[PDB]
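Below is one structure, written out as structure tokens, with a few remarks after it.
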2 protein chains.
Amino acid sequence: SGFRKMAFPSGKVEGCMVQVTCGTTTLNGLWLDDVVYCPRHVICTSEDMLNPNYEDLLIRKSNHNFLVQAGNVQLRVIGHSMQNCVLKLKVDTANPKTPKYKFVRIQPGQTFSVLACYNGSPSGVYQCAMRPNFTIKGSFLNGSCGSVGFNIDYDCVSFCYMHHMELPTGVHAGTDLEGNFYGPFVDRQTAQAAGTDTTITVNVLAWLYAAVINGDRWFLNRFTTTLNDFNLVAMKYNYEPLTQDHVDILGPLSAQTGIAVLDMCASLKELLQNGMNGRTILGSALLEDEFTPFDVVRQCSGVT
Amino acid sequence: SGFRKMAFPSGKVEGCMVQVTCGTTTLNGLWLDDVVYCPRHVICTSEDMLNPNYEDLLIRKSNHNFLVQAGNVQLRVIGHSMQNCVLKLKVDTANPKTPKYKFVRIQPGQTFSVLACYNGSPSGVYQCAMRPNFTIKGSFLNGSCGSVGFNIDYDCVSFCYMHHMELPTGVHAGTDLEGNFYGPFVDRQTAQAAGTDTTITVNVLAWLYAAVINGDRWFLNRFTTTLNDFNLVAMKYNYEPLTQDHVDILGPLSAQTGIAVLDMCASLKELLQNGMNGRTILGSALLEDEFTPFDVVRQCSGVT
Ligand SMILES: Cc1ccncc1NC(=O)Cc1cccc(C#N)c1
Ligand SMILES: Cc1ccncc1NC(=O)Cc1cccc(C#N)c1
């Protein structure tokens, strides 16, 4: 028992972190096989960031201008290319610690672990979720760009995020490992505002199930609801609409607890309408939405 | 910017996790140099747990009864001894992945990272705090015993906790790496109740400083207080008494923000008396106490 915001063990990703320097800009790179992936804004000066033309800026850069350091040893750059907003630096040495891996582009609501790095060195690991407005609420300072987000399935690391930018509001934006930004953000020092940060309803329901599994049952009520009635309440509270696909994904949690999904939806509806009343659920005074139904099943079963 | 419950990167500790089996009981062990550390209750059957005499139970065990597996290979046990509530299994092979390490016994209020393991395999990493009642609010299932708590200082891993037990209330109890339980708990299947789980005041103040550093300033008031006035309020709310040692440790945060420690104490006092009023601080609707002043400084500066 006990329910914690848990990140995947970071070991497999620590073995891939390198430092990439171009001119006076130093950030993090991800070294898989003989390629180092890093944000393309590594080639920019603070002046260049105002309105960069990356293809033009890249013309003045050669293989030798990209300094890649793994631990205390220098990697030799034998090729460089730009794929969307990431740079792929081909090195002459394959990473001996390359785990089995995939590049995946996740959907909003999906969670992942972040290994926050500075100068190619890991400082911490935390669990995140891709917000419905395609931002992430991370913990990143200057130098953290190139830090990555990932999920692990036994021995295969699915990389889903690479940190690129901090918006004027302090929230974060980044790309998948193909260099495509999540959301409408661009790698430019221009004011870009995020959309509505709505609550991931399916995740809140999954966490309510986790709370029931752990003994926190005070919020369970004598009511039920329909998907349409529930969604009228959810829209009012800036909660994402719940679909039958979400109901399907909650099935194993409904089966384990014997609480029908629509019954848990009715409990959630009363929590939104009445508030917590100074009470807590799993040590939290607000409804947590950064655990997916898969995370709740995984944590409650002990998947390694 | 952004403030997250961050754990240390777990790589260095993943390389130490092994599976220890004795009879029909399988749990986790920590392999440092040529010694495997694990909870001594690995020698017990569920029947033995009711009232175990560990010295007596150990007489019926030999080196060959302890099966230690690291990855998919078996380690040879050439010696075994009991130190307090841990077993130290001397193996014939030194762990090639042994990091620089220390065994430390932490004080209540101090935080650490937990690598939760099952069958010697890591499943997740989360950040914890030793509660003032010497329990931890972890996330552990059957098979997680022997999972460890640690802090890292650049390249040196300070191991501070080893998971042993789940109390009837679902909270957790364990030992330092010398086998001494934190708190008054014993490794026995007997009802043991935890004391008052008070709030770690110094940690809440450190997290209020982190909130100010990140832009959340709504709670900052026009008041100040004294240590004695503050502690009268803190005692009423089951908060730990604040000492001048705690004020000293908050000094770098006070200096960075320009907010005197007693002024932040007065802000905390009004938060306790008035409540949050449906507002949030760093995305939380309650006062977080599992970040030390050192953690806040570390996260806000980017220590790797
Ligand atoms: C200072 C900081 C903190 C946390 N995360 C990231 C940062 N750094 C930045 O945002 C620098 C920057 C400026 C404009 C565009 C991009 C892109 N792509 C990157
Ligand atoms: C089932 C479980 C879940 C999480 N953490 C731990 C556990 N397991 C236990 O507590 C088993 C047990 C029984 C009595 C005494 C001790 C000791 N020392 C250990």
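Lettering and numbering for the structure tokens are positional, with chains as A, B, ... in the shown order, residues counted from 1 in each chain, and ligands counted from 1 in the shown order.
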- Message: I'd like the contact shell of residue 227 in chain B - 8 Å cut-off, only C-alpha atoms, skipping same-chain residues fewer than 4 positions apart - returned as number ranges by chain.
- Response: B: 231, 242-243, 262
Those same residues - C-alpha atoms - I'd like them written as a CSV table (one decimal), in the first residue's frame.
```csv
chain,number,residue,atom,x,y,z
B,231,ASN,CA,5.8,27.9,17.9
B,242,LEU,CA,11.1,25.6,14.9
B,243,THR,CA,14.5,26.1,16.5
B,262,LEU,CA,10.6,35.2,10.8
```
- chain B contacts to chain A at 6 Å (only C-alpha atoms) as number ranges by chain: B: 1-4, 6-11, 122-126, 138-141, 170, 285-286, 304
Could you write those residues out with N, CA, C and O atoms, as a PDB file, in the first residue's frame?
```pdb
ATOM      1  N   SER B   1      12.624  27.611 -13.881  1.00  0.00           N
ATOM      2  CA  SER B   1      11.496  27.644 -12.968  1.00  0.00           C
ATOM      3  C   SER B   1      10.693  26.323 -12.997  1.00  0.00           C
ATOM      4  O   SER B   1      11.061  25.369 -13.689  1.00  0.00           O
ATOM      5  N   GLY B   2       9.660  26.250 -12.180  1.00  0.00           N
ATOM      6  CA  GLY B   2       8.935  25.021 -11.961  1.00  0.00           C
ATOM      7  C   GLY B   2       9.558  24.362 -10.743  1.00  0.00           C
ATOM      8  O   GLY B   2      10.770  24.485 -10.502  1.00  0.00           O
ATOM      9  N   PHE B   3       8.741  23.709  -9.933  1.00  0.00           N
ATOM     10  CA  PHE B   3       9.237  23.042  -8.729  1.00  0.00           C
ATOM     11  C   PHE B   3       8.589  21.688  -8.653  1.00  0.00           C
ATOM     12  O   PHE B   3       7.367  21.573  -8.689  1.00  0.00           O
ATOM     13  N   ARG B   4       9.413  20.660  -8.626  1.00  0.00           N
ATOM     14  CA  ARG B   4       8.942  19.295  -8.670  1.00  0.00           C
ATOM     15  C   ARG B   4       9.495  18.463  -7.551  1.00  0.00           C
ATOM     16  O   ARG B   4      10.641  18.646  -7.159  1.00  0.00           O
ATOM     17  N   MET B   6      11.469  15.874  -6.751  1.00  0.00           N
ATOM     18  CA  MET B   6      12.498  15.270  -7.555  1.00  0.00           C
ATOM     19  C   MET B   6      13.280  14.261  -6.771  1.00  0.00           C
ATOM     20  O   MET B   6      13.672  14.542  -5.645  1.00  0.00           O
ATOM     21  N   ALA B   7      13.529  13.090  -7.364  1.00  0.00           N
ATOM     22  CA  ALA B   7      14.369  12.088  -6.733  1.00  0.00           C
ATOM     23  C   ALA B   7      15.771  12.141  -7.367  1.00  0.00           C
ATOM     24  O   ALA B   7      15.941  12.669  -8.466  1.00  0.00           O
ATOM     25  N   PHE B   8      16.780  11.629  -6.674  1.00  0.00           N
ATOM     26  CA  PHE B   8      18.124  11.523  -7.241  1.00  0.00           C
ATOM     27  C   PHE B   8      18.084  10.518  -8.409  1.00  0.00           C
ATOM     28  O   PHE B   8      17.253   9.599  -8.411  1.00  0.00           O
ATOM     29  N   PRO B   9      18.953  10.672  -9.435  1.00  0.00           N
ATOM     30  CA  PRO B   9      19.002   9.665 -10.511  1.00  0.00           C
ATOM     31  C   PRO B   9      19.347   8.297  -9.878  1.00  0.00           C
ATOM     32  O   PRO B   9      20.169   8.240  -8.959  1.00  0.00           O
ATOM     33  N   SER B  10      18.624   7.250 -10.245  1.00  0.00           N
ATOM     34  CA  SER B  10      18.746   5.955  -9.549  1.00  0.00           C
ATOM     35  C   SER B  10      19.788   4.986 -10.092  1.00  0.00           C
ATOM     36  O   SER B  10      20.009   3.952  -9.481  1.00  0.00           O
ATOM     37  N   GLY B  11      20.403   5.307 -11.220  1.00  0.00           N
ATOM     38  CA  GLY B  11      21.400   4.459 -11.873  1.00  0.00           C
ATOM     39  C   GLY B  11      22.409   3.763 -10.977  1.00  0.00           C
ATOM     40  O   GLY B  11      22.605   2.556 -11.086  1.00  0.00           O
ATOM     41  N   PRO B 122      14.440  -3.187 -10.285  1.00  0.00           N
ATOM     42  CA  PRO B 122      13.826  -1.883  -9.992  1.00  0.00           C
ATOM     43  C   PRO B 122      12.562  -1.601 -10.770  1.00  0.00           C
ATOM     44  O   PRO B 122      12.506  -1.833 -11.978  1.00  0.00           O
ATOM     45  N   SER B 123      11.548  -1.084 -10.083  1.00  0.00           N
ATOM     46  CA  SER B 123      10.289  -0.749 -10.722  1.00  0.00           C
ATOM     47  C   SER B 123      10.051   0.762 -10.770  1.00  0.00           C
ATOM     48  O   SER B 123       9.478   1.246 -11.740  1.00  0.00           O
ATOM     49  N   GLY B 124      10.513   1.492  -9.760  1.00  0.00           N
ATOM     50  CA  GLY B 124      10.308   2.928  -9.744  1.00  0.00           C
ATOM     51  C   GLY B 124      11.120   3.661  -8.723  1.00  0.00           C
ATOM     52  O   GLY B 124      11.707   3.045  -7.832  1.00  0.00           O
ATOM     53  N   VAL B 125      11.185   4.979  -8.875  1.00  0.00           N
ATOM     54  CA  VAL B 125      11.925   5.810  -7.961  1.00  0.00           C
ATOM     55  C   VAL B 125      11.043   6.972  -7.505  1.00  0.00           C
ATOM     56  O   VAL B 125      10.312   7.561  -8.305  1.00  0.00           O
ATOM     57  N   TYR B 126      11.048   7.246  -6.213  1.00  0.00           N
ATOM     58  CA  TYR B 126      10.269   8.355  -5.666  1.00  0.00           C
ATOM     59  C   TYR B 126      11.008   8.997  -4.523  1.00  0.00           C
ATOM     60  O   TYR B 126      11.920   8.408  -3.969  1.00  0.00           O
ATOM     61  N   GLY B 138       5.686   5.455   1.987  1.00  0.00           N
ATOM     62  CA  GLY B 138       6.234   4.985   0.724  1.00  0.00           C
ATOM     63  C   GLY B 138       5.164   4.418  -0.168  1.00  0.00           C
ATOM     64  O   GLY B 138       3.978   4.713  -0.007  1.00  0.00           O
ATOM     65  N   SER B 139       5.585   3.608  -1.118  1.00  0.00           N
ATOM     66  CA  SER B 139       4.687   2.902  -2.005  1.00  0.00           C
ATOM     67  C   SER B 139       5.361   1.557  -2.146  1.00  0.00           C
ATOM     68  O   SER B 139       6.339   1.429  -2.892  1.00  0.00           O
ATOM     69  N   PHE B 140       4.931   0.588  -1.332  1.00  0.00           N
ATOM     70  CA  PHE B 140       5.569  -0.720  -1.293  1.00  0.00           C
ATOM     71  C   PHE B 140       4.539  -1.832  -1.222  1.00  0.00           C
ATOM     72  O   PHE B 140       3.577  -1.735  -0.469  1.00  0.00           O
ATOM     73  N   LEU B 141       4.745  -2.899  -1.995  1.00  0.00           N
ATOM     74  CA  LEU B 141       3.865  -4.074  -1.989  1.00  0.00           C
ATOM     75  C   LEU B 141       4.660  -5.253  -1.409  1.00  0.00           C
ATOM     76  O   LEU B 141       5.824  -5.076  -1.047  1.00  0.00           O
ATOM     77  N   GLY B 170      -0.813   0.938   6.936  1.00  0.00           N
ATOM     78  CA  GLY B 170      -0.329   1.131   5.576  1.00  0.00           C
ATOM     79  C   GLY B 170       0.889   2.023   5.443  1.00  0.00           C
ATOM     80  O   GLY B 170       1.352   2.261   4.326  1.00  0.00           O
ATOM     81  N   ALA B 285      -2.579  22.108  -2.921  1.00  0.00           N
ATOM     82  CA  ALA B 285      -3.594  22.734  -2.071  1.00  0.00           C
ATOM     83  C   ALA B 285      -3.323  22.556  -0.565  1.00  0.00           C
ATOM     84  O   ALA B 285      -4.147  22.947   0.256  1.00  0.00           O
ATOM     85  N   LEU B 286      -2.202  21.949  -0.203  1.00  0.00           N
ATOM     86  CA  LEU B 286      -1.794  21.844   1.185  1.00  0.00           C
ATOM     87  C   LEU B 286      -0.302  22.187   1.308  1.00  0.00           C
ATOM     88  O   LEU B 286       0.389  22.297   0.287  1.00  0.00           O
ATOM     89  N   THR B 304      24.320  18.859  -9.850  1.00  0.00           N
ATOM     90  CA  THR B 304      24.345  17.539 -10.465  1.00  0.00           C
ATOM     91  C   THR B 304      25.276  16.631  -9.657  1.00  0.00           C
ATOM     92  O   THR B 304      25.340  15.427  -9.912  1.00  0.00           O
TER      93      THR B 304
END
```
- Those in range 11-177 of chain B with helix (DSSP H, G or I) from DSSP, as a VMD selection string: chain B and resid 11 to 14 40 to 43 48 to 50 54 to 59 63 to 65
- Message: With DSSP run on the backbone, what are the strand (DSSP E) residues within range 91-208 of chain B? I'd like them as a ChimeraX atom specification.
- Response: /B:91,100-103,111-118,121-129,148-153,156-166,172-175
Restricting the output to N, CA and C atoms, write the selected residues as a tab-separated table (two decimals), in the first residue's frame.
```tsv
chain	number	residue	atom	x	y	z
B	91	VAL	N	29.67	-12.53	-0.38
B	91	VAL	CA	29.72	-13.29	-1.62
B	91	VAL	C	31.16	-13.39	-2.13
B	100	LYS	N	30.90	4.78	-5.12
B	100	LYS	CA	31.45	5.28	-3.84
B	100	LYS	C	30.23	5.39	-2.91
B	101	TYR	N	30.33	4.89	-1.69
B	101	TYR	CA	29.16	4.90	-0.82
B	101	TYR	C	29.49	5.07	0.64
B	102	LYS	N	28.46	5.43	1.43
B	102	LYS	CA	28.49	5.58	2.88
B	102	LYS	C	27.18	5.06	3.45
B	103	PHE	N	27.19	4.64	4.72
B	103	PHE	CA	25.94	4.27	5.38
B	103	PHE	C	25.68	5.37	6.37
B	111	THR	N	15.00	14.09	3.93
B	111	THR	CA	14.43	13.45	2.76
B	111	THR	C	15.43	12.51	2.10
B	112	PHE	N	14.92	11.59	1.28
B	112	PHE	CA	15.77	10.66	0.54
B	112	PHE	C	15.00	10.07	-0.62
B	113	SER	N	15.71	9.47	-1.58
B	113	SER	CA	15.06	8.82	-2.72
B	113	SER	C	14.94	7.33	-2.46
B	114	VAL	N	13.86	6.69	-2.94
B	114	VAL	CA	13.65	5.26	-2.77
B	114	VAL	C	13.61	4.62	-4.14
B	115	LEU	N	14.38	3.56	-4.34
B	115	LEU	CA	14.30	2.80	-5.57
B	115	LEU	C	13.48	1.58	-5.18
B	116	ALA	N	12.19	1.56	-5.51
B	116	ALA	CA	11.33	0.44	-5.16
B	116	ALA	C	11.64	-0.73	-6.09
B	117	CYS	N	11.94	-1.89	-5.52
B	117	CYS	CA	12.33	-3.10	-6.24
B	117	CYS	C	11.50	-4.30	-5.88
B	118	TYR	N	11.40	-5.27	-6.82
B	118	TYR	CA	10.70	-6.55	-6.69
B	118	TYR	C	11.54	-7.59	-7.41
B	121	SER	N	14.76	-6.45	-9.00
B	121	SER	CA	14.59	-5.61	-10.18
B	121	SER	C	13.86	-4.32	-9.87
B	122	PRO	N	14.44	-3.19	-10.29
B	122	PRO	CA	13.83	-1.88	-9.99
B	122	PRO	C	12.56	-1.60	-10.77
B	123	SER	N	11.55	-1.08	-10.08
B	123	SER	CA	10.29	-0.75	-10.72
B	123	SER	C	10.05	0.76	-10.77
B	124	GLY	N	10.51	1.49	-9.76
B	124	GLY	CA	10.31	2.93	-9.74
B	124	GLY	C	11.12	3.66	-8.72
B	125	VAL	N	11.19	4.98	-8.87
B	125	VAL	CA	11.92	5.81	-7.96
B	125	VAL	C	11.04	6.97	-7.51
B	126	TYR	N	11.05	7.25	-6.21
B	126	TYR	CA	10.27	8.35	-5.67
B	126	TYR	C	11.01	9.00	-4.52
B	127	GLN	N	10.60	10.21	-4.16
B	127	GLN	CA	11.22	10.97	-3.10
B	127	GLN	C	10.36	10.86	-1.86
B	128	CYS	N	10.99	10.61	-0.72
B	128	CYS	CA	10.39	10.35	0.59
B	128	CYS	C	10.95	11.30	1.65
B	129	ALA	N	10.36	11.27	2.85
B	129	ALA	CA	10.94	11.94	4.01
B	129	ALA	C	10.76	11.03	5.21
B	148	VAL	N	15.83	0.18	-1.11
B	148	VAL	CA	16.59	1.11	-0.29
B	148	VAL	C	16.32	2.58	-0.57
B	149	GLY	N	16.64	3.40	0.43
B	149	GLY	CA	16.55	4.85	0.45
B	149	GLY	C	17.96	5.40	0.46
B	150	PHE	N	18.18	6.48	-0.29
B	150	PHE	CA	19.51	7.01	-0.44
B	150	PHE	C	19.51	8.48	-0.83
B	151	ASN	N	20.65	9.13	-0.62
B	151	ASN	CA	20.94	10.47	-1.11
B	151	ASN	C	22.27	10.38	-1.88
B	152	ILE	N	22.49	11.23	-2.89
B	152	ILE	CA	23.76	11.24	-3.63
B	152	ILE	C	24.43	12.60	-3.52
B	153	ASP	N	25.73	12.63	-3.22
B	153	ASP	CA	26.52	13.87	-3.20
B	153	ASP	C	27.56	13.73	-4.32
B	156	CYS	N	29.04	10.05	-4.66
B	156	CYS	CA	28.96	9.20	-3.48
B	156	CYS	C	27.52	8.98	-3.03
B	157	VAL	N	27.09	7.72	-2.97
B	157	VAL	CA	25.75	7.33	-2.54
B	157	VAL	C	25.71	7.09	-1.04
B	158	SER	N	24.94	7.89	-0.30
B	158	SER	CA	24.75	7.69	1.13
B	158	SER	C	23.46	6.91	1.32
B	159	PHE	N	23.57	5.62	1.65
B	159	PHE	CA	22.40	4.78	1.88
B	159	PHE	C	21.89	5.06	3.28
B	160	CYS	N	20.60	5.34	3.40
B	160	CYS	CA	20.03	5.68	4.70
B	160	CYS	C	18.91	4.80	5.14
B	161	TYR	N	18.27	4.07	4.24
B	161	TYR	CA	17.09	3.28	4.60
B	161	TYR	C	17.03	1.98	3.86
B	162	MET	N	16.45	0.98	4.50
B	162	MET	CA	16.15	-0.29	3.86
B	162	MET	C	14.74	-0.64	4.30
B	163	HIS	N	13.86	-0.92	3.34
B	163	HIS	CA	12.49	-1.25	3.66
B	163	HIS	C	12.34	-2.59	4.34
B	164	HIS	N	11.63	-2.62	5.48
B	164	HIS	CA	11.38	-3.89	6.15
B	164	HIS	C	9.93	-4.22	6.31
B	165	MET	N	9.10	-3.24	6.68
B	165	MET	CA	7.76	-3.56	7.12
B	165	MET	C	6.66	-2.57	6.78
B	166	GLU	N	5.45	-3.09	6.67
B	166	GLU	CA	4.27	-2.29	6.46
B	166	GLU	C	3.47	-2.41	7.76
B	172	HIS	N	5.02	2.81	6.43
B	172	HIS	CA	6.16	1.92	6.36
B	172	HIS	C	7.23	2.16	7.43
B	173	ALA	N	7.93	1.09	7.77
B	173	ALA	CA	9.01	1.12	8.73
B	173	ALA	C	10.20	0.33	8.19
B	174	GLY	N	11.38	0.82	8.53
B	174	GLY	CA	12.60	0.20	8.08
B	174	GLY	C	13.79	0.58	8.91
B	175	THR	N	14.95	0.14	8.46
B	175	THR	CA	16.19	0.33	9.19
B	175	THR	C	17.18	1.17	8.41
```
